[PDB]
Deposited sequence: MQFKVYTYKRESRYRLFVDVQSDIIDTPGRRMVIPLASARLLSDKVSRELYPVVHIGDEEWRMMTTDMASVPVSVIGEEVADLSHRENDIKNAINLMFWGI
């Protein structure tokens, strides 16, 4: 579901992803997601890589590592980032349409 955060059931580069696909766009067995990296370089653009807060820690939304995942790898839902829809939307639009 769009803006919900999930763990990977199978080991990936990162440990969390946010679903960014529209809830009325149907891809049977898959969803478009952006991985979240532990925020641990400060000067990297916050416009393209928003900082979000999950499990009492900072994470960078790795916008340029966007990829589809099969539902078979989608594990527990850990959080909802719908309150950050404005920065998520700004980041996604910047990556394709910037300047």
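- Gaps between the deposited sequence and the modelled structure occur only at positions 41-42.
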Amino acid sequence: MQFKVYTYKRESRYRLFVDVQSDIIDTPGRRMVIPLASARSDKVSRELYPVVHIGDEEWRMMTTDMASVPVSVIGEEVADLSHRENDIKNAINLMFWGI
From here on, numbers count along this sequence of modelled residues.
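- For the pair 77-85 and 10-18, the record assigns the higher mean C-alpha temperature factor to 10-18.
- Just going by the entry, 42-50 versus 22-30 on mean CA temperature factor gives the higher value to 42-50.
- Annotation for residue 92: CA B-factor lies in the highest third of the chain's modelled residues.
- Compared with the other modelled residues of the chain, the Cα B-factor recorded for residue 5 ranks in the lowest third.
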